[PDB]
Amino acid sequence: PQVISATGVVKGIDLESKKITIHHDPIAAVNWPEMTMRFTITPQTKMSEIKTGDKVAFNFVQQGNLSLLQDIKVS
Ligand SMILES: [Cu+2]
């Protein structure tokens, strides 16, 4: 339920697998350094037009072994 806000650069988009690979900036809320992670698109994810290399602002939740995207857009 904790919504986590982050920023990063998009490294790959695979909608077939429902994955956006993001090299994210440190996330203080969860004590994460910069990482590269795949973030999962759900049917309810608020998607904007994004492409590889885009600087993005996004929100996610940790659920199961997945990082579920709430929203993502070019920052
Ligand atoms: Cu991470």
Side-chain angles (χ1 to χ4, degrees):
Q2 159 204 59
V3 174
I4 305 162
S5 308
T7 52
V9 172
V10 175
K11 300 199 67 60
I13 303 166
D14 195 322
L15 313 167
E16 205 135 293
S17 65
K18 290 156 196 77
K19 303 291 176 187
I20 312 295
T21 300
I22 309 176
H23 184 154
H24 67 73
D25 293 304
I27 309 177
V30 290
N31 200 23
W32 284 4
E34 68 177 295
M35 307 168 183
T36 302
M37 308 192 90
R38 299 205 300 202
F39 294 87
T40 296
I41 302 169
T42 75
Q44 291 299 96
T45 299
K46 297 210 150 176
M47 291 293 297
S48 308
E49 302 271 29
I50 59 174
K51 66 183 188 188
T52 297
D54 274 337
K55 182 62 200 43
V56 291
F58 61 105
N59 291 309
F60 70 99
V61 302
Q62 316 187 257
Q63 278 207 46
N65 297 137
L66 303 173
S67 315
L68 302 188
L69 281 170
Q70 306 301 108
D71 56 72
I72 184 168
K73 63 162 180 178
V74 175
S75 192

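Residue numbers run from 1 in the order of the sequence given.
Surrounding NZ of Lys55 are more than 12 heavy atoms belonging to other residues, nucleotides or ligands, all under 6.0 Å away. Other residues, nucleotides and ligands place no more than 12 heavy atoms under 6.0 Å from the CD atom of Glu49.
Considering NZ of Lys51 and CD1 of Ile13, their distance stands at 10.0 Å, rounded to 0.5 Å. Atom CD1 of residue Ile22 and atom CE of residue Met35 lie 13.0 Å apart, to the nearest 0.5 angstrom. Note that OG of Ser67 is 8.0 Å distant from NE2 of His24, once rounded to the nearest 0.5 Å. Distance check, rounded to the nearest 0.5 Å: CD of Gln44 to CG of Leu68 gives 12.0 Å. Distance OG1/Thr42 to CG/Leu66: 11.0 Å, rounded to 0.5 Å. Note: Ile41 CD1 to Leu69 CG = 7.0 Å, rounded to the nearest 0.5 Å.
The closest side-chain heavy-atom distance from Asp14 to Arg38 is not below 4.5 Å. Between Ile20 and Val56 the shortest side-chain heavy-atom distance does not fall below 4.5 Å. At least one side-chain heavy atom of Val3 sits under 4.5 Å from a side-chain heavy atom of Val61. Contact of the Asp25 side chain with the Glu34 side chain is not registered, since no non-hydrogen atoms from C-beta on lie closer than 4.5 Å. The shortest distance between side-chain heavy atoms of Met47 and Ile72 falls below 4.5 Å. For the pair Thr45/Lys18, no side-chain contact is recorded, criterion being any heavy-atom separation below 4.5 Å from C-beta on. Taking the side chain as every heavy atom from C-beta outward, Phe60 and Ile27 approach each other to under 4.5 Å.
For the residue pair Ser75 and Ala57, the shortest heavy atom distance occurs at CB-N, 3.8 Å. Taking each heavy atom of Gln62 and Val30 in turn, the nearest pair found is OE1-CG1, 3.9 Å. Residues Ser5 and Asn59 share a closest heavy-atom pair of OG-OD1, 2.6 Å.
Residue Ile4 is grouped with residue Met37 when hydrophobic side chains (ILVMFWY) are merged at heavy-atom distances under 4.5 angstrom, including chains of intermediate members.
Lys19 and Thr40 form a side-chain donor-acceptor contact under 3.5 Å, judged by distance and modelled atom types alone.
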